[PDB]
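These notes are about the structure you will find just below.
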Amino acid sequence: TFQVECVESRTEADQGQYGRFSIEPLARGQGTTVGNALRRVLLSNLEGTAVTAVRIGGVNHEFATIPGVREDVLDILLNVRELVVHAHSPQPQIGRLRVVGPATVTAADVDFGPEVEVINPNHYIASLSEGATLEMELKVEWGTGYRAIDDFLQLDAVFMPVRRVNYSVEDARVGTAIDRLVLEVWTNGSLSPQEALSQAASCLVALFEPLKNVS
Amino acid sequence: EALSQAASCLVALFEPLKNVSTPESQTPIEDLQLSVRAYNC
DNA sequence: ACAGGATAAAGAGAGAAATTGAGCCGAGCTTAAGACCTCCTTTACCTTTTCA
């Protein structure tokens, strides 16, 4: 019997949200149990969307250049691996970019479908000079956890909605040994930290439920 | 039964985090129809 | 060390004083209910002003 209270919530400019929760009173040793389980589930067992592959018109390898584009293929790939998207359908989607001329290519230029929302609309991707056309095709998939790899260039997508999890255990002794959990959650903005916390708790409850009524 | 009790404790531990995260009394005393004396006091 | 001698300063003996506490009382004191007299309020109806 405890009470979870969001002490603080923020929305950093990069659209990355932050939250801190105080959970108390917890019995001695339960703070670490809850904190570690929540951290593992949040960072490893939440679903999210990320750019899995990309095709660029004019190149064929990661170590290649694009005439008139300040960055090369590698810089664009790294700038796109951190592009944050959120899909409303379990079906993989394809977005198309075709900016041209002097321009700063940001996330807003990607023509995703109605089912894909770019969390940060101004996310630097490339900088085109005069008489340059950047033709790009991005593929968005549904996955969990950072996933390194072994036509379309395969990418090491970051499916994680949650960016960072920290927890600390204090002592709320009034006058036994009671504990208090302080949980800090940084999310990339695709989910609020309260939605990420709710989904992590749902996964844990679903894991521990069948271990109760039989064995 | 210890495995069952431990699982029950865990489920009860993570349950609160699953989804947690009258017109007559507003009447001004003028409508009480008090005596002018009581009202004024 | 031990014995004798001189002395003053500190105990025992008693009653008489002064307190003292103890019972046994009724005089002082408190409590509660009811009645009961000033002071005040507010009304209903006026009279008495200043003015168009």
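By order in the structure tokens, chains are A, B, ...; within a chain, residues start at 1; ligands start at 1, following the order shown.
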query = What are the residues of chain C that have an atom within 12 Å of an atom of chain B, counting only C-alpha atoms (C1' of nucleotides), as a list in words?
reply = residues 40, 41, 42 and 43 of chain C
File dump, residues just selected, N, CA and C atoms (P, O5', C5', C4', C3', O3' and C1' of nucleotides), as a compact mmCIF listing (two decimals), in the first residue's frame:
```txt
# COMPACT_ATOMS: atom_id res chain seq x y z
P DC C 40 -28.29 50.63 25.85
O5' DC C 40 -28.63 49.83 24.52
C5' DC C 40 -28.11 48.52 24.36
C4' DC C 40 -28.93 47.72 23.38
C3' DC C 40 -29.36 48.50 22.14
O3' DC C 40 -28.60 48.07 21.02
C1' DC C 40 -31.11 47.09 23.01
P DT C 41 -28.74 48.82 19.61
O5' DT C 41 -29.52 47.78 18.68
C5' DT C 41 -29.78 46.48 19.17
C4' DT C 41 -30.79 45.76 18.30
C3' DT C 41 -31.14 46.46 17.00
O3' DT C 41 -31.21 45.50 15.95
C1' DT C 41 -33.10 46.18 18.28
P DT C 42 -31.21 45.98 14.42
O5' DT C 42 -32.75 45.86 14.01
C5' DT C 42 -33.50 44.70 14.36
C4' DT C 42 -34.98 44.96 14.20
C3' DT C 42 -35.37 45.73 12.94
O3' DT C 42 -36.59 45.21 12.42
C1' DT C 42 -36.22 46.84 14.80
P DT C 43 -37.15 45.74 11.01
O5' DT C 43 -38.66 46.17 11.34
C5' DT C 43 -39.54 45.25 11.94
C4' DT C 43 -40.88 45.88 12.28
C3' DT C 43 -41.55 46.66 11.15
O3' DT C 43 -42.95 46.52 11.26
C1' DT C 43 -41.20 48.09 12.97
```
Interface, chain A side, toward chain B (10 Å; only C-alpha atoms) as JSON, numbers by chain = {"A": [1, 2, 3, 4, 5, 6, 21, 23, 26, 30, 33, 34, 37, 38, 193, 194, 195, 196, 197, 198, 199, 200, 201, 202, 203, 204, 205, 206, 207, 208, 209, 210, 211, 212, 213, 214, 215]}
Residue subset to file, keeping N, CA and C atoms, as a CSV table (one decimal), in the first residue's frame:
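Saved the output as part_0.csv:
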```csv
chain,number,residue,atom,x,y,z
A,1,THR,N,0.8,-1.2,0.0
A,1,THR,CA,0.0,0.0,0.0
A,1,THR,C,0.9,1.2,0.0
A,2,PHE,N,1.1,1.8,-1.2
A,2,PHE,CA,1.9,3.0,-1.4
A,2,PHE,C,1.3,3.9,-2.4
A,3,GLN,N,1.9,5.1,-2.6
A,3,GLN,CA,1.4,6.1,-3.5
A,3,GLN,C,2.4,6.6,-4.4
A,4,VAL,N,2.2,6.5,-5.7
A,4,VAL,CA,3.1,6.9,-6.7
A,4,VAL,C,2.7,8.4,-7.0
A,5,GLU,N,3.7,9.3,-7.0
A,5,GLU,CA,3.5,10.7,-7.3
A,5,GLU,C,4.6,11.2,-8.2
A,6,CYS,N,4.2,11.8,-9.4
A,6,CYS,CA,5.1,12.4,-10.3
A,6,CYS,C,5.5,13.7,-9.7
A,21,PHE,N,9.3,10.1,-10.4
A,21,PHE,CA,8.2,9.6,-9.6
A,21,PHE,C,8.7,9.1,-8.2
A,23,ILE,N,7.7,6.7,-5.1
A,23,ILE,CA,6.9,5.6,-4.7
A,23,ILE,C,7.2,5.2,-3.3
A,26,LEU,N,7.7,1.7,0.8
A,26,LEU,CA,8.1,0.3,0.4
A,26,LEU,C,8.8,-0.4,1.5
A,30,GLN,N,12.5,-3.9,-1.1
A,30,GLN,CA,11.5,-3.8,-2.2
A,30,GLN,C,11.8,-2.6,-3.1
A,33,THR,N,14.1,-4.0,-5.7
A,33,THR,CA,13.3,-4.9,-6.5
A,33,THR,C,12.5,-4.2,-7.5
A,34,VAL,N,11.7,-3.3,-7.1
A,34,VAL,CA,10.8,-2.5,-8.0
A,34,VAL,C,11.7,-1.7,-9.0
A,37,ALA,N,13.6,-4.0,-11.6
A,37,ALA,CA,12.6,-4.7,-12.5
A,37,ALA,C,12.0,-3.6,-13.5
A,38,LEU,N,11.6,-2.5,-13.0
A,38,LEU,CA,11.1,-1.4,-13.8
A,38,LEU,C,12.1,-0.9,-14.8
A,193,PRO,N,6.5,9.8,-20.0
A,193,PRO,CA,7.1,8.8,-19.0
A,193,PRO,C,6.1,8.1,-18.2
A,194,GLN,N,4.8,8.7,-18.1
A,194,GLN,CA,3.8,8.0,-17.4
A,194,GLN,C,3.2,6.9,-18.2
A,195,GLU,N,3.2,7.0,-19.5
A,195,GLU,CA,2.7,5.9,-20.4
A,195,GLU,C,3.8,4.8,-20.4
A,196,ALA,N,5.1,5.2,-20.5
A,196,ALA,CA,6.1,4.2,-20.5
A,196,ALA,C,6.1,3.4,-19.1
A,197,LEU,N,5.9,4.1,-18.0
A,197,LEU,CA,5.8,3.5,-16.7
A,197,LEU,C,4.6,2.5,-16.7
A,198,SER,N,3.5,3.0,-17.2
A,198,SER,CA,2.3,2.1,-17.2
A,198,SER,C,2.5,0.9,-18.0
A,199,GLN,N,3.2,1.0,-19.2
A,199,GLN,CA,3.4,-0.2,-20.0
A,199,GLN,C,4.4,-1.1,-19.4
A,200,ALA,N,5.4,-0.6,-18.7
A,200,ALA,CA,6.3,-1.5,-18.1
A,200,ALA,C,5.7,-2.2,-16.9
A,201,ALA,N,4.8,-1.5,-16.1
A,201,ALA,CA,4.1,-2.2,-15.1
A,201,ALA,C,3.2,-3.3,-15.6
A,202,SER,N,2.5,-3.0,-16.8
A,202,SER,CA,1.7,-4.0,-17.4
A,202,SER,C,2.4,-5.2,-17.8
A,203,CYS,N,3.6,-5.0,-18.4
A,203,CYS,CA,4.4,-6.2,-18.7
A,203,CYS,C,4.8,-7.0,-17.5
A,204,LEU,N,5.2,-6.3,-16.4
A,204,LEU,CA,5.6,-7.1,-15.2
A,204,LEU,C,4.4,-7.8,-14.6
A,205,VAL,N,3.2,-7.2,-14.5
A,205,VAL,CA,2.1,-7.8,-14.0
A,205,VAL,C,1.7,-9.0,-14.8
A,206,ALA,N,1.8,-8.9,-16.2
A,206,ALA,CA,1.5,-10.0,-17.0
A,206,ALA,C,2.5,-11.1,-16.9
A,207,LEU,N,3.8,-10.8,-16.5
A,207,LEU,CA,4.8,-11.8,-16.3
A,207,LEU,C,4.5,-12.6,-15.0
A,208,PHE,N,4.2,-11.8,-13.9
A,208,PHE,CA,4.0,-12.5,-12.6
A,208,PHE,C,2.7,-13.0,-12.3
A,209,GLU,N,1.7,-12.7,-13.2
A,209,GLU,CA,0.3,-13.3,-12.9
A,209,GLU,C,0.3,-14.8,-13.0
A,210,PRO,N,0.8,-15.4,-14.1
A,210,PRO,CA,0.6,-16.9,-14.2
A,210,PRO,C,1.4,-17.7,-13.1
A,211,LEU,N,2.3,-17.0,-12.4
A,211,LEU,CA,3.1,-17.7,-11.4
A,211,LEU,C,2.4,-17.7,-10.0
A,212,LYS,N,1.2,-17.4,-10.0
A,212,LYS,CA,0.4,-17.1,-8.7
A,212,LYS,C,-0.6,-18.2,-8.4
A,213,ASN,N,-1.4,-18.6,-9.4
A,213,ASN,CA,-2.6,-19.4,-9.2
A,213,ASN,C,-2.3,-20.9,-9.2
A,214,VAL,N,-1.2,-21.3,-9.7
A,214,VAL,CA,-0.9,-22.7,-9.9
A,214,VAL,C,0.4,-23.1,-9.1
A,215,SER,N,1.5,-22.4,-9.3
A,215,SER,CA,2.8,-22.8,-8.7
A,215,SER,C,3.5,-21.5,-8.3
```
request  = Identify all residues of stretch 40-181 of chain A in helix (DSSP H, G or I) (DSSP on the backbone) and supply them as a ChimeraX atom specification.
outcome  = /A:40-44,73-81,107-109
key: Spatial neighbours of stretch 62-78 of chain A, max dist 7 Å, only C-alpha atoms (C1' of nucleotides), sep filter under 2 positions, as a PyMOL selection string   = chain A and resi 58-59+80-82+125-129+132
Output N, CA, C and O atoms for every residue in the selection just made, as a PDB file, in the first residue's frame.
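The file below, out_39.pdb, is the result:
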```pdb
ATOM      1  N   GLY A  58      21.478   8.034 -55.592  1.00  0.00           N
ATOM      2  CA  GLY A  58      22.802   8.502 -55.951  1.00  0.00           C
ATOM      3  C   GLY A  58      23.936   7.826 -55.212  1.00  0.00           C
ATOM      4  O   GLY A  58      25.096   8.207 -55.419  1.00  0.00           O
ATOM      5  N   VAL A  59      23.672   6.856 -54.335  1.00  0.00           N
ATOM      6  CA  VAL A  59      24.703   6.222 -53.524  1.00  0.00           C
ATOM      7  C   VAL A  59      24.419   4.727 -53.457  1.00  0.00           C
ATOM      8  O   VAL A  59      23.340   4.256 -53.821  1.00  0.00           O
ATOM      9  N   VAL A  80      19.782  10.092 -39.064  1.00  0.00           N
ATOM     10  CA  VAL A  80      18.473   9.494 -39.257  1.00  0.00           C
ATOM     11  C   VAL A  80      18.248   8.369 -38.256  1.00  0.00           C
ATOM     12  O   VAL A  80      17.091   8.064 -37.931  1.00  0.00           O
ATOM     13  N   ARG A  81      19.316   7.775 -37.723  1.00  0.00           N
ATOM     14  CA  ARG A  81      19.172   6.762 -36.691  1.00  0.00           C
ATOM     15  C   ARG A  81      18.608   7.350 -35.413  1.00  0.00           C
ATOM     16  O   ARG A  81      18.031   6.616 -34.605  1.00  0.00           O
ATOM     17  N   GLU A  82      18.749   8.657 -35.222  1.00  0.00           N
ATOM     18  CA  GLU A  82      18.213   9.340 -34.060  1.00  0.00           C
ATOM     19  C   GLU A  82      16.943  10.108 -34.385  1.00  0.00           C
ATOM     20  O   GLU A  82      16.433  10.838 -33.532  1.00  0.00           O
ATOM     21  N   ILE A 125      18.826  16.858 -40.561  1.00  0.00           N
ATOM     22  CA  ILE A 125      19.116  15.674 -41.357  1.00  0.00           C
ATOM     23  C   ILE A 125      20.252  15.938 -42.334  1.00  0.00           C
ATOM     24  O   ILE A 125      21.184  15.138 -42.450  1.00  0.00           O
ATOM     25  N   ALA A 126      20.204  17.071 -43.029  1.00  0.00           N
ATOM     26  CA  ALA A 126      21.238  17.401 -44.006  1.00  0.00           C
ATOM     27  C   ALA A 126      21.100  18.869 -44.370  1.00  0.00           C
ATOM     28  O   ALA A 126      20.172  19.545 -43.931  1.00  0.00           O
ATOM     29  N   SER A 127      22.059  19.375 -45.140  1.00  0.00           N
ATOM     30  CA  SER A 127      22.009  20.760 -45.595  1.00  0.00           C
ATOM     31  C   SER A 127      22.352  20.791 -47.076  1.00  0.00           C
ATOM     32  O   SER A 127      23.510  20.587 -47.451  1.00  0.00           O
ATOM     33  N   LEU A 128      21.351  21.048 -47.911  1.00  0.00           N
ATOM     34  CA  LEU A 128      21.528  21.058 -49.352  1.00  0.00           C
ATOM     35  C   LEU A 128      21.950  22.439 -49.826  1.00  0.00           C
ATOM     36  O   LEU A 128      21.416  23.457 -49.370  1.00  0.00           O
ATOM     37  N   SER A 129      22.866  22.460 -50.789  1.00  0.00           N
ATOM     38  CA  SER A 129      23.360  23.683 -51.400  1.00  0.00           C
ATOM     39  C   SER A 129      22.553  23.992 -52.661  1.00  0.00           C
ATOM     40  O   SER A 129      21.511  23.389 -52.923  1.00  0.00           O
ATOM     41  N   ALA A 132      20.980  21.179 -55.660  1.00  0.00           N
ATOM     42  CA  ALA A 132      21.110  19.857 -55.076  1.00  0.00           C
ATOM     43  C   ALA A 132      19.729  19.315 -54.759  1.00  0.00           C
ATOM     44  O   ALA A 132      18.863  20.048 -54.275  1.00  0.00           O
TER      45      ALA A 132
END
```
